[PDB]
Every structure is written in structure tokens, then in C-alpha cells.
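Below is one structure, written out as C-alpha cells; the observations come after it.
Chains as they are written, first to last, in PDB author numbering: chain C, 1437 to 1540, 1549 to 1885; chain L, 1796 to 1994, 2085 to 2108, 2119 to 2244.
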């Protein structure tokens, strides 16, 4: 590393090219006699001390170099050349893990960080010849590291998500290890695990449903008792702030696939989230204050979440916010978005949607007659214009007997005067019948 | 049969107001349970109490549409159900193996009813522990629930835990690990009450005021004397004059309505009560009728402690005197003269 590279390191441009080819040809373990193991230990020391110490001239403590770029790629050539050889990664799987903070610029970060993060593509095209046989150590065959174990997957999910260059299945082969190994994700389980480690496992989980195409996270593929309960306890973080909550909920939707009682807390955590965060009185806001501006992003994001999930559980949550008042000052999105969600639905989906709001409307539970009418008019009827045919014949053949049975003989409770609930059911049914009989031949 | 119809009616999940659900329990169901013979306990108990406590133990949602006042009205309905029966239930008849202890726990149960009584104790405790820190909707109705939830604890503990050295924990032992006084779950802060002048007037039926003020006369039996009180009562004065700032309409009004009881170690608190009355307000534009009560610490019953000659009480007590004087004028002779004709008998004893 120095000024005469323009004049005197052609002697190294010679070597670095040559030896690489010789071990692309596999010959190089006859071109040097192996001293003690299938690792030529010189190769490990070249990592350690052609570069891992020479990248950091911390003896005179004159500032950490922005490399002369040719010298970066030949030093990457030494690293690449190191991966020509046996046993190498069995030191790297510790040589990553370096705590020494570089007093660089002059702002601080780790030498193991600087190394990995500089040599990201270098490692992250070539370490990959090993898949999980360091991920194993990274999570489990040592404590899942306080930080970078995860930045490993950030630098990974550039290239692995890029990867079609004569190889693929990257996510599939990854998944089956990184899920078993996700069992052992424990340093996050410190309450005060930094916003850094929260952000890491967050960005990772996004990039899971990205690389591990959800056909490969379908039912039990990654262990939901580990990885989903982890995501729920991530959403439940009260130090996790609302833009990052915003990404977190942006990967809720795929989990609306759960039929299990594991979904029970998916409603409760989203109830707990929105009720603590979003305004118990929404009437407060005219447009333009952050209190509103980042709230309307969250509002539209719950409608995106509905549009993706095709879910009666998101429908159910959404009823508590769309019915927050008459003229909650946004209504246009909650109305116009439903036009999109009712269009594409394959018939059994909307049969389930409608029944959740019907069952909700049917439930005798003490709640206001506004709240019962709003669910029918401001949502249930508001689904029944838009769709194809067959959305009639199925859903009809559920509700209409279980509806008309109430109409035909029940007329009391003027006496305590919740009677407005009886009649709200009765008009709810006439309005149910109205939309279907507008379509029934 | 009578009680079950009103219980089943209260239970039923028919859609109806939280007034309408509470009125059935309080204005009728409880209003049947004082008067009768015995056996009216043991039968009706052995219907409801499992089918009651099953709701208490895990259900806390529907803030989201906000019918939540029905959840808590059920919860206080049950604590008030438990309150009247545990006013009548004997000590051992709710720990020893009388077989309703078996059936309301598990099998012919192994413990001394310890699990059903400790789960009740945890639930009543938690239900008056619950902080109001983020509670931005249904505030009053949820606060009133935390109030009433203090009650049943009293009426079980006075029978199941007879002796002084249990009482520190089960209704009082809040280390400030977060959010301070359980008694601030029991009264909300920015609110008012009035104490008019002569020629009850604000009511003991305030939702914890009734069960606490009915207790403390019986704390003559169940006094350790100190410690269920110290961590709030010793400190609701100079040193932390903020904690009573409105909650003196707890601490002080309580203590006035406890001057029948507290005497044996009234020493350390009462000179700080004259300091407490030297506050910038005291239940009016000033002391109003409140001073009329406080002097009675020495002149309702002239016994045990003194605020003075122990400390040189001096200028603060002359503030209490000039409170009767600096702005003393009032109409029609009477309200004015009621300062005057009592100052004449204040300093003398």
C-alpha cells in the first residue's frame, strides 16, 4: 500500500493473476508443498497479514486509507486466492468476529466490520462456496453475534437476490439452515437489544419473504413457533418507532395464511399496535401535521395490507378504524380501495370475508347501534356491488336462513331500549337482500 | 332461582348499556344478598363463582370499538358479588376442605383453598395495580373499575388473613417500580369536590371511598400498625407535597373520617396535617369547611398526640389563624360569624 504502485508492483500483478488460474485449474497444491494441513497456513497468514493487518496501519495511527482501487482488487485477489484452499473458512468463521474498534475520517467502527463490509462482494461471491457451514457458527456454534451476524445477511441479500449467473435455488438451500438456525436467535431476546439489532432482524425478515419465495415458507417450513412468535414479539417492541413499525407491518400480510390458533395473537398484537399508536379520537386533525402525515401513511398501509392479505382478520381490524367516526376525515381510500379488493377475489375468499363481517354483525355482544350499522353499510354492502357472479350463490346459501330467522317473530326489548339493535339487524338484512336482489335474476 | 335470573341476565351478552348492566347488579343483585338467612350463600355460590371467575382471569380487549366498559362492568360486578359473600363467608369455610373449595378448584383439591384464594388475591391486586399512564379513552369508567377492584380485596382479606403482619403486602406494598400510587388508580387527578359552610355534603359513595372508609374502622381489629400506611401516608406531606395535591381529598378526607380510629401513633402525622392545611388551597377558595374538621384532631377527641411544643409549630399555625381572618367577611351574619365563634375556642385548649 503506497506511492510506487505506478512503477514497482507489476511483479505482483504477475503473481495474483497467475496463481488464481492455476487453482481454477486445481493445480496449485502441487505448485506449493502443503506445510502441515489441506490449509497451506501461509494462506491463512496472508489473510491475517498480507491484508488483515496491512489494511489497518494503526501503529503510526495516521488515518485509515481510502484505498488506491487497483490495490483493493488485487488484495481481493489474495482473498479469492485464499478461498482456493482447504480449511480456510474454519479460521474466517472466527476472523470475522473482531471487536477492535477502528479510530479511523476519525469516526469509529469495528475492524471485523470494516473488513467484511469492505470485502462484501469479495467474500459474498466466494465464501458462498460454503453455504451455511459458517451460518451455523454465526448463530449457533457460537453466540449469535450482537451485530454483524445479521449484516452478513444484508451483504448476502444483495448477491443471493441478484443471483441467476449459472446458479439458483439460493433462497431454498439457505432457508432450511437459516430457519433451523433461527431457533438459536437469542441476542435479540435481550429487551434492550439495540435498535441496530432490531433493524437487522427486521431487514432480514423482509429479505426472507423476498429470497425464500413464500411457497418455501408456506405452512411449517421455517418453524413458526420460533420465527413468527419472534416477529410478533418484534411488533410488540415499545421502543420500535412507527416508520419501522411501518416496515414491520409491511411483512405482516404473508402471515395471514395461518389457520392455526397462532393467528389469535396476530389479531391481538395488531389491536395492541393500532390502539396504542393511532388516535382514539381521530377527529383532531386537519391535513399537514406529522401527527396526521405519518398516520395517513399508516392508514393506507393497513389498506395495502388488506389488499395483499385478502383477509377477514385485516377486514376485522379495519372495521374498528373505518367505523372510528362518521366522516373520519379520510373515507375515500377505505371506500375506493375496497373496489380493488372485491374485484380480483376468487369466490371462496369473498365468501369468507363477507361471513366474518356478517358473523361480527350477528354477534349479540353489547356494542352501539351505530357500530352494528356501520359494519353492515360502511363495509358489508360496500363489498357486494363490485365482484363477479358466484359471489351471490355461495354466500346466499350461508346467510339467508340464518338472517330471515330473526326477521320473522322478534320485536321486544323496548323495555330496557336496546331495541335499536333489533331494528338495526332488521334493516341490515333488508339492505343485504337489497344488494343481492339488485343482481338476482 | 331469583339471583340466578339476574345473574344470567347480567351474564347474557345481550346488546344493552353499561349503566343497564351495572344497575341490575348493584341496584338489585347485591341489594338482595345482605338480608337473608345462611344457605343462600352455599347453594348460589356453587352455581355462579366458577362461571364468574372464568371471565375475570384473561379477558381485557375491545377498547378498539370501545364497548370495553361492559368488560369492566362485569369485572366490578363480580368483585361486588364476591364482596357481599365474603362479608358473610367464615375464615376456615373458605380455606379448609369444605367441598365447594374442591369443586371451585381441581378434584377433591389438595391445597387449603390456597390456589382459588391466591388467584382471587392476584386478580383483585392486579385490578387495582393497573396504571392509567396511556389510558386516553373510557378514562373515568376504567378508573372506577380500578376503584371498585380495591373493595373485594378488603372483604376477603379481613376474613382469610386475620393478623397484622399479612396486611403490608396484599393491599399496599407498591415499591415505585413504575408509575407510583395505586390510590391514583382509585381517584383521577384534575377534578373537584366542595365543602360548604354551616348556619355527606360531598359523598362517601365515591367509588373507593365507600369500601376504604368502611374498612378502616375495622382496622381497629386489623391494624404493621405502620407499614400498610407508611409508604404513602407518612409521605403525603412536606418532602413530597405534590402527592396529596388533589389526592388529599383522598388522604385528608379519609383521615378526617378516620379520626375515630388512628390515635395510638397519630403523633408523627398530625403536625404535618396542620402543614397540609397550610397549603395554598384546601377544598374551597381556601379551607372553607375543611378547617372546621382539622382542629377536631385535638377538639373532637382531645387525646394522645399534640402538633406543638414537640416542634415549635409557630408561623404555620398563625397562617391557619390568619386563614380565619385576612379575608374573613361574609353575608347575613352566619357564615361570617362561623369563623369568629370558633376562633374564640381554637387557641384556648
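Think of the CB as a built atom: it goes at the ideal place given N, C-alpha and C, for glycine as much as any other residue.
{"Query": "Measure the C-alpha to C-alpha separation of residue 1472 (chain C) and residue 1522 (chain C) and round it to an integer number of angstroms.", "Result": "12 Å"}
{"Query": "Helix, strand or coil: which one does DSSP assign to residue 1840 (chain L)?", "Result": "helix"}
{"Query": "Where DSSP assigns a beta bridge to residue 1537 (chain C), which residues make up the other side?", "Result": "C:1554"}
{"Query": "For residue 1821 (chain L) and residue 1665 (chain C), what's the separation of their Cα atoms in angstroms?", "Result": "54 Å"}
{"Query": "Specify, as a first and last residue, the run of the alpha helix (DSSP H) that residue 1866 (chain C) falls within.", "Result": "1863 to 1881"}
{"Query": "Can you give me, in chain order, the residues of the stretch 1810 to 1837 of chain L that have a beta carbon less than 8 Å from any beta carbon in chain C?", "Result": "1810, 1811, 1812, 1813, 1815 and 1816"}
{"Query": "Taking residue 1726 (chain C) and residue 1772 (chain C) to be in contact with their CB atoms under 8 Å, please state how far apart those CB atoms are, rounded to whole angstroms.", "Result": "5 Å"}
{"Query": "For residue 1715 (chain C), decide whether its Cβ has a neighbour in chain L, counting only Cβ atoms nearer than 8 Å.", "Result": "yes"}
{"Query": "Distance check for residue 1717 (chain C) and residue 2124 (chain L), CA to CA, integer angstroms please.", "Result": "38 Å"}
{"Query": "Using the Cα positions of residue 1954 (chain L) and residue 1961 (chain L), report the straight-line distance between them to the nearest angstrom.", "Result": "12 Å"}
{"Query": "Quick test of the definition: if touching needs 3 or more C-beta pairs under 8 Å, does the stretch 1455 to 1463 of chain C touch the stretch 1498 to 1512 of chain C?", "Result": "no"}
{"Query": "Evaluate contact between the stretch 1844 to 1856 of chain L and the stretch 1866 to 1881 of chain L, counting only Cβ atoms and requiring at least three cross-stretch pairs below 8 Å.", "Result": "yes"}
{"Query": "Assuming contact is defined by CB atoms lying nearer than 8 Å, are residue 1642 (chain C) and residue 1681 (chain C) in contact in what I supplied?", "Result": "yes"}
{"Query": "Which class does residue 1599 (chain C) belong to by DSSP, given the choice of helix, strand or coil?", "Result": "helix"}
{"Query": "Are the beta-carbon atoms of residue 1659 (chain C) and residue 1621 (chain C) separated by less than 8 Å?", "Result": "no"}
{"Query": "If you draw a straight line from the C-alpha of residue 1709 (chain C) to the C-alpha of residue 1652 (chain C), how long is it?", "Result": "22 Å"}
{"Query": "Could you give the first and the last residue of the continuous alpha helix (DSSP H) run that contains residue 2099 (chain L)?", "Result": "2094 to 2103"}
{"Query": "Do you know whose CA, among C:1629, C:1732 and C:1762, lies nearest residue 1748 (chain C)'s CA?", "Result": "C:1762"}
{"Query": "Would you kindly report the start and end of the unbroken alpha helix (DSSP H) that includes residue 1920 (chain L)?", "Result": "1909 to 1924"}
{"Query": "Please decide whether residue 1964 (chain L) counts as near chain C, where near means a Cβ-Cβ distance under 8 Å.", "Result": "no"}
{"Query": "Quick check on the burial criterion: 16 or more other C-beta atoms within 10 angstroms. Buried or exposed for residue 2236 (chain L)?", "Result": "exposed"}
{"Query": "For the alpha helix (DSSP H) containing residue 1444 (chain C), name the first residue and the last one.", "Result": "1441 to 1444"}
{"Query": "Measure the C-alpha to C-alpha separation of residue 1613 (chain C) and residue 1838 (chain C) and round it to an integer number of angstroms.", "Result": "40 Å"}
{"Query": "Can you list, in chain order, the residues of the stretch 2151 to 2178 of chain L whose Cβ is nearer than 7 Å to any Cβ on chain C?", "Result": "none"}
{"Query": "What residues in the stretch 1843 to 1859 of chain L bring their beta carbon closer than 9 Å to a beta carbon of chain C?", "Result": "1856, 1857, 1858 and 1859"}
{"Query": "Quick one: list the residues of chain C neighbouring residue 1929 (chain L), beta-carbon separation under 7 Å, in chain order.", "Result": "1720"}
{"Query": "Please classify residue 2170 (chain L): is it buried, with 16 or more other beta-carbons within 10 angstroms of its beta-carbon, or exposed?", "Result": "buried"}
{"Query": "Would you give the residue range spanned by the alpha helix (DSSP H) that residue 1506 (chain C) belongs to?", "Result": "1505 to 1518"}
{"Query": "With 8 Å as the threshold, decide whether the Cβ of residue 1733 (chain C) is near any Cβ in chain L.", "Result": "no"}
{"Query": "What does the alpha-carbon distance come out to for the pair residue 1770 (chain C) and residue 1983 (chain L)?", "Result": "30 Å"}
{"Query": "What do you reckon, are the CB atoms on residue 1501 (chain C) and residue 1437 (chain C) nearer than 8 Å?", "Result": "yes"}
{"Query": "Please decide whether residue 1803 (chain C) counts as near chain L, where near means a Cβ-Cβ distance under 8 Å.", "Result": "no"}
{"Query": "If you measure between the beta carbons of residue 1936 (chain L) and residue 1843 (chain L), is that distance less than 8 Å?", "Result": "no"}
{"Query": "Which residue comes first and which comes last in the alpha helix (DSSP H) that contains residue 1801 (chain C)?", "Result": "1792 to 1806"}
{"Query": "Which bits of chain C does residue 1865 (chain L) rub up against, with CB to CB less than 7 Å?", "Result": "1810"}
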